[PDB]
Amino acid sequence: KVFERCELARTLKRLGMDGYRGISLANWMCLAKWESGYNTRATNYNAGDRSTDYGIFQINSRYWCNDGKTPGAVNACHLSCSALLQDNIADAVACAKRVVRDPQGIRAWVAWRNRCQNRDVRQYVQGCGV
Ligand SMILES: CC(=O)N[C@@H]1[C@@H](O)[C@H](O)[C@@H](CO)O[C@@H]1O
């Protein structure tokens, strides 16, 4: 599914993402916008290293989920990458929380560094009631 902006903001809030490990909801929204356009079924194959990015946060198979076809990969979220393609984003959120329990935090997604870091991200949650 493709979420509408404020629908996603409230969904993420109910799932406990506002301020998780210090990360504001607006940062999570900025991440989802630029990774996938709020699209839970999005996939991106990385021919360079044979990994694939999955779902609304475009979480990568080399480290975070298992798809069986990524060489020398691990599965730190202990999920099938299929779980990151559901309309219900609970599992994707659990995995995103696992990602940011590691040292880099939200910087684990390079797109966040390029599109959200040191930026005014307040627009992504304006009007959503969060
Ligand atoms: C949290 C996460 O999935 N990070 C991955 C990152 O580790 C990877 O090296 C990069 C390359 O496509 O894609 C994503 O940013």
# chains A, B, ... in the order shown; residues from 1 in each chain; ligands from 1
>>> residues_around(residues="residue 38 of chain A", least_positions_apart="3", cutoff="7 Å", atoms="only C-alpha atoms", output="number ranges by chain")
A: 2-3, 32-33, 56
>>> write_last_selection(atoms="N, CA, C and O atoms", output="mmCIF file, in the first residue's frame")
data_model
loop_
_atom_site.group_PDB
_atom_site.id
_atom_site.type_symbol
_atom_site.label_atom_id
_atom_site.label_comp_id
_atom_site.auth_asym_id
_atom_site.auth_seq_id
_atom_site.Cartn_x
_atom_site.Cartn_y
_atom_site.Cartn_z
ATOM 1 N N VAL A 2 0.355 2.317 -0.579
ATOM 2 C CA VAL A 2 0.980 3.629 -0.513
ATOM 3 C C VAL A 2 0.231 4.419 0.551
ATOM 4 O O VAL A 2 -0.954 4.732 0.390
ATOM 5 N N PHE A 3 0.910 4.717 1.659
ATOM 6 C CA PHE A 3 0.287 5.517 2.706
ATOM 7 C C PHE A 3 0.137 6.967 2.265
ATOM 8 O O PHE A 3 0.990 7.521 1.569
ATOM 9 N N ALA A 32 10.873 7.611 5.479
ATOM 10 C CA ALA A 32 9.937 6.843 4.663
ATOM 11 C C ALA A 32 9.630 7.550 3.346
ATOM 12 O O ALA A 32 9.495 6.903 2.302
ATOM 13 N N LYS A 33 9.504 8.878 3.378
ATOM 14 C CA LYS A 33 9.224 9.623 2.155
ATOM 15 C C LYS A 33 10.316 9.393 1.120
ATOM 16 O O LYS A 33 10.037 9.075 -0.043
ATOM 17 N N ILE A 56 8.780 -0.006 3.078
ATOM 18 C CA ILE A 56 8.592 1.432 3.255
ATOM 19 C C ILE A 56 9.871 2.117 3.727
ATOM 20 O O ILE A 56 10.099 3.293 3.417
#
>>> select_by_dssp(residues="chain A", states="strand (DSSP E)", output="mmCIF file with N, CA, C and O atoms, in the first residue's frame")
data_model
loop_
_atom_site.group_PDB
_atom_site.id
_atom_site.type_symbol
_atom_site.label_atom_id
_atom_site.label_comp_id
_atom_site.auth_asym_id
_atom_site.auth_seq_id
_atom_site.Cartn_x
_atom_site.Cartn_y
_atom_site.Cartn_z
ATOM 1 N N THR A 43 10.554 -2.436 -3.767
ATOM 2 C CA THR A 43 11.802 -3.181 -3.698
ATOM 3 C C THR A 43 12.804 -2.537 -4.638
ATOM 4 O O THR A 43 12.443 -2.011 -5.695
ATOM 5 N N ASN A 44 14.072 -2.578 -4.246
ATOM 6 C CA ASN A 44 15.153 -2.061 -5.075
ATOM 7 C C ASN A 44 16.299 -3.058 -5.024
ATOM 8 O O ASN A 44 16.837 -3.330 -3.949
ATOM 9 N N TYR A 45 16.655 -3.608 -6.176
ATOM 10 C CA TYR A 45 17.777 -4.524 -6.262
ATOM 11 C C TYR A 45 19.068 -3.740 -6.442
ATOM 12 O O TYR A 45 19.128 -2.790 -7.227
ATOM 13 N N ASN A 46 20.096 -4.139 -5.701
ATOM 14 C CA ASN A 46 21.418 -3.524 -5.777
ATOM 15 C C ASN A 46 22.343 -4.506 -6.484
ATOM 16 O O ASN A 46 22.895 -5.415 -5.859
ATOM 17 N N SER A 51 22.333 -7.461 -3.056
ATOM 18 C CA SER A 51 21.346 -7.276 -2.006
ATOM 19 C C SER A 51 20.123 -6.552 -2.560
ATOM 20 O O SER A 51 20.144 -5.990 -3.656
ATOM 21 N N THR A 52 19.055 -6.550 -1.762
ATOM 22 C CA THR A 52 17.796 -5.912 -2.114
ATOM 23 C C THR A 52 17.295 -5.105 -0.925
ATOM 24 O O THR A 52 17.439 -5.529 0.228
ATOM 25 N N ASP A 53 16.724 -3.933 -1.217
ATOM 26 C CA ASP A 53 16.101 -3.063 -0.231
ATOM 27 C C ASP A 53 14.600 -3.313 -0.243
ATOM 28 O O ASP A 53 13.992 -3.366 -1.316
ATOM 29 N N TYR A 54 13.997 -3.438 0.940
ATOM 30 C CA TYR A 54 12.621 -3.907 1.062
ATOM 31 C C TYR A 54 11.743 -2.924 1.822
ATOM 32 O O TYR A 54 12.072 -2.535 2.945
ATOM 33 N N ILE A 59 14.776 -1.368 3.837
ATOM 34 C CA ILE A 59 15.742 -2.057 4.684
ATOM 35 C C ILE A 59 16.441 -3.145 3.875
ATOM 36 O O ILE A 59 15.813 -3.872 3.096
ATOM 37 N N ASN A 60 17.753 -3.268 4.062
ATOM 38 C CA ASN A 60 18.607 -4.021 3.151
ATOM 39 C C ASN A 60 18.850 -5.445 3.644
ATOM 40 O O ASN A 60 19.016 -5.690 4.844
#
>>> closest_atom_pairs(of="chain A", to="ligand 1", cutoff="10 Å", atoms="only C-alpha atoms and all ligand atoms", output="CSV")
residue,atom,partner,partner_atom_place_in_ligand_line,distance
A:35,CA,ligand 1,15 (O),8.8
A:44,CA,ligand 1,12 (O),8.5
A:45,CA,ligand 1,12 (O),8.5
A:46,CA,ligand 1,12 (O),6.5
A:47,CA,ligand 1,12 (O),9.8
A:48,CA,ligand 1,12 (O),9.1
A:49,CA,ligand 1,11 (C),8.8
A:51,CA,ligand 1,12 (O),7.7
A:52,CA,ligand 1,12 (O),7.6
A:53,CA,ligand 1,13 (O),6.6
A:54,CA,ligand 1,3 (O),8.2
A:57,CA,ligand 1,3 (O),7.5
A:58,CA,ligand 1,3 (O),6.1
A:59,CA,ligand 1,3 (O),3.4
A:60,CA,ligand 1,3 (O),3.9
A:61,CA,ligand 1,3 (O),7.3
A:62,CA,ligand 1,7 (O),7.4
A:63,CA,ligand 1,7 (O),6.9
A:64,CA,ligand 1,3 (O),6.7
A:65,CA,ligand 1,3 (O),9.1
A:95,CA,ligand 1,1 (C),9.0
A:96,CA,ligand 1,1 (C),7.2
A:97,CA,ligand 1,1 (C),9.9
A:98,CA,ligand 1,1 (C),9.2
A:99,CA,ligand 1,1 (C),5.7
A:100,CA,ligand 1,1 (C),7.9
A:102,CA,ligand 1,1 (C),9.8
A:104,CA,ligand 1,1 (C),9.3
A:105,CA,ligand 1,1 (C),8.8
A:106,CA,ligand 1,1 (C),7.8
A:107,CA,ligand 1,1 (C),8.1
A:108,CA,ligand 1,1 (C),4.7
A:109,CA,ligand 1,15 (O),3.7
A:110,CA,ligand 1,15 (O),4.7
A:111,CA,ligand 1,15 (O),6.5
A:112,CA,ligand 1,15 (O),8.3
A:113,CA,ligand 1,15 (O),9.6
>>> select_by_dssp(residues="segment 2-126 of chain A", states="helix (DSSP H, G or I)", output="PyMOL selection string")
chain A and resi 5-14+25-36+81-85+90-100+105-108+110-115+122-124
>>> write_last_selection(atoms="N, CA and C atoms", output="short mmCIF file (atom, residue, chain, number, x, y, z; two decimals), in the first residue's frame")
data_model
loop_
_atom_site.label_atom_id
_atom_site.label_comp_id
_atom_site.auth_asym_id
_atom_site.auth_seq_id
_atom_site.Cartn_x
_atom_site.Cartn_y
_atom_site.Cartn_z
N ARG A 5 0.34 10.76 3.80
CA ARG A 5 1.30 11.30 4.75
C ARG A 5 0.80 11.22 6.19
N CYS A 6 -0.33 11.87 6.48
CA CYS A 6 -0.73 11.96 7.88
C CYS A 6 -1.22 10.62 8.42
N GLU A 7 -1.83 9.79 7.56
CA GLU A 7 -2.17 8.42 7.94
C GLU A 7 -0.94 7.68 8.44
N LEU A 8 0.17 7.78 7.71
CA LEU A 8 1.40 7.11 8.12
C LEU A 8 1.93 7.68 9.43
N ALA A 9 1.89 9.00 9.58
CA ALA A 9 2.40 9.62 10.80
C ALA A 9 1.69 9.07 12.03
N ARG A 10 0.36 8.99 11.97
CA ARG A 10 -0.38 8.45 13.11
C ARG A 10 -0.14 6.96 13.28
N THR A 11 0.04 6.22 12.18
CA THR A 11 0.32 4.80 12.28
C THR A 11 1.65 4.57 12.99
N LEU A 12 2.68 5.32 12.59
CA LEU A 12 3.98 5.20 13.23
C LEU A 12 3.92 5.60 14.70
N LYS A 13 3.15 6.64 15.01
CA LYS A 13 3.04 7.07 16.41
C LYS A 13 2.42 5.97 17.27
N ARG A 14 1.35 5.34 16.78
CA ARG A 14 0.71 4.28 17.55
C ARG A 14 1.64 3.10 17.76
N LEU A 25 9.31 11.61 15.29
CA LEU A 25 8.43 11.11 14.25
C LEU A 25 8.73 11.76 12.91
N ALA A 26 9.02 13.07 12.90
CA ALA A 26 9.27 13.75 11.64
C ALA A 26 10.48 13.17 10.91
N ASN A 27 11.47 12.70 11.67
CA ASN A 27 12.63 12.06 11.04
C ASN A 27 12.25 10.73 10.41
N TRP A 28 11.44 9.93 11.10
CA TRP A 28 10.97 8.68 10.52
C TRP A 28 10.16 8.94 9.26
N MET A 29 9.34 9.99 9.27
CA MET A 29 8.54 10.33 8.10
C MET A 29 9.42 10.76 6.94
N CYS A 30 10.41 11.61 7.22
CA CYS A 30 11.36 12.00 6.19
C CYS A 30 12.04 10.77 5.60
N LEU A 31 12.43 9.82 6.45
CA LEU A 31 13.06 8.59 5.97
C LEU A 31 12.12 7.82 5.05
N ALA A 32 10.87 7.61 5.48
CA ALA A 32 9.94 6.84 4.66
C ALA A 32 9.63 7.55 3.35
N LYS A 33 9.50 8.88 3.38
CA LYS A 33 9.22 9.62 2.15
C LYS A 33 10.32 9.39 1.12
N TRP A 34 11.57 9.56 1.52
CA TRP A 34 12.66 9.53 0.56
C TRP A 34 13.12 8.12 0.23
N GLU A 35 12.87 7.15 1.11
CA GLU A 35 13.22 5.78 0.77
C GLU A 35 12.24 5.17 -0.23
N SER A 36 10.94 5.41 -0.04
CA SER A 36 9.93 4.66 -0.78
C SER A 36 8.72 5.47 -1.22
N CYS A 81 12.46 -11.26 4.60
CA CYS A 81 12.28 -9.96 3.96
C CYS A 81 10.85 -9.79 3.45
N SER A 82 10.14 -10.89 3.21
CA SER A 82 8.72 -10.81 2.87
C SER A 82 7.94 -10.03 3.92
N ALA A 83 8.32 -10.16 5.20
CA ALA A 83 7.61 -9.45 6.25
C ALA A 83 7.67 -7.94 6.05
N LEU A 84 8.68 -7.45 5.34
CA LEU A 84 8.85 -6.03 5.11
C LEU A 84 8.10 -5.54 3.88
N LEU A 85 7.27 -6.40 3.27
CA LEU A 85 6.45 -6.02 2.13
C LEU A 85 4.96 -6.08 2.44
N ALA A 90 3.82 -3.18 11.11
CA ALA A 90 4.30 -3.49 12.45
C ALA A 90 5.66 -4.18 12.40
N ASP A 91 5.82 -5.18 11.53
CA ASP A 91 7.09 -5.89 11.47
C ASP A 91 8.20 -4.99 10.93
N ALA A 92 7.88 -4.17 9.91
CA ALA A 92 8.86 -3.22 9.40
C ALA A 92 9.31 -2.25 10.49
N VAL A 93 8.37 -1.82 11.34
CA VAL A 93 8.70 -0.90 12.42
C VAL A 93 9.57 -1.60 13.46
N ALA A 94 9.24 -2.84 13.82
CA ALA A 94 10.09 -3.60 14.72
C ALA A 94 11.51 -3.70 14.17
N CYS A 95 11.64 -3.91 12.86
CA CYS A 95 12.97 -4.02 12.27
C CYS A 95 13.68 -2.68 12.25
N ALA A 96 12.96 -1.61 11.91
CA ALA A 96 13.56 -0.27 11.96
C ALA A 96 14.03 0.07 13.37
N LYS A 97 13.28 -0.35 14.39
CA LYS A 97 13.72 -0.13 15.76
C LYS A 97 15.01 -0.90 16.05
N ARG A 98 15.10 -2.14 15.55
CA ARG A 98 16.33 -2.91 15.70
C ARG A 98 17.51 -2.22 15.02
N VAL A 99 17.30 -1.70 13.81
CA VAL A 99 18.37 -1.01 13.10
C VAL A 99 18.96 0.08 13.98
N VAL A 100 18.10 0.92 14.56
CA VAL A 100 18.61 2.10 15.27
C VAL A 100 19.04 1.79 16.70
N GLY A 105 22.38 4.51 14.66
CA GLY A 105 21.04 5.04 14.76
C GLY A 105 20.46 5.28 13.38
N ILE A 106 19.72 6.39 13.25
CA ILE A 106 19.04 6.72 12.01
C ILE A 106 20.01 6.93 10.85
N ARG A 107 21.28 7.21 11.14
CA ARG A 107 22.29 7.34 10.09
C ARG A 107 22.54 6.03 9.35
N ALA A 108 21.97 4.92 9.80
CA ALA A 108 22.17 3.65 9.09
C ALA A 108 21.64 3.71 7.66
N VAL A 110 21.56 5.70 4.40
CA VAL A 110 22.32 6.79 3.80
C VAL A 110 21.39 7.88 3.28
N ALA A 111 20.21 7.50 2.77
CA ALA A 111 19.28 8.50 2.26
C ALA A 111 18.85 9.49 3.34
N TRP A 112 18.83 9.05 4.60
CA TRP A 112 18.49 9.98 5.67
C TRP A 112 19.57 11.05 5.80
N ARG A 113 20.83 10.65 5.66
CA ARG A 113 21.92 11.62 5.72
C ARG A 113 21.78 12.66 4.61
N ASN A 114 21.36 12.22 3.42
CA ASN A 114 21.33 13.11 2.27
C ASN A 114 20.07 13.96 2.22
N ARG A 115 18.96 13.46 2.77
CA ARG A 115 17.65 14.06 2.56
C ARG A 115 17.01 14.63 3.82
N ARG A 122 10.04 19.51 9.81
CA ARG A 122 8.74 19.66 10.47
C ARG A 122 7.58 19.53 9.49
N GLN A 123 7.79 19.84 8.21
CA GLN A 123 6.68 19.78 7.26
C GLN A 123 6.05 18.40 7.19
N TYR A 124 6.82 17.35 7.44
CA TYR A 124 6.29 16.01 7.22
C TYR A 124 5.19 15.63 8.20
#
>>> closest_residue(among="A:89, A:68, A:116, A:40", to="residue 17 of chain A", atoms="only C-alpha atoms")
A:89
>>> closest_residue(among="A:37, A:127, A:55, A:19", to="residue 88 of chain A", atoms="only C-alpha atoms")
A:55
>>> atom_distance(atom1="atom CA of residue 79 of chain A", atom2="atom CA of residue 103 of chain A")
20.8 Å
>>> atom_distance(atom1="atom CA of residue 23 of chain A", atom2="atom CA of residue 121 of chain A")
11.9 Å
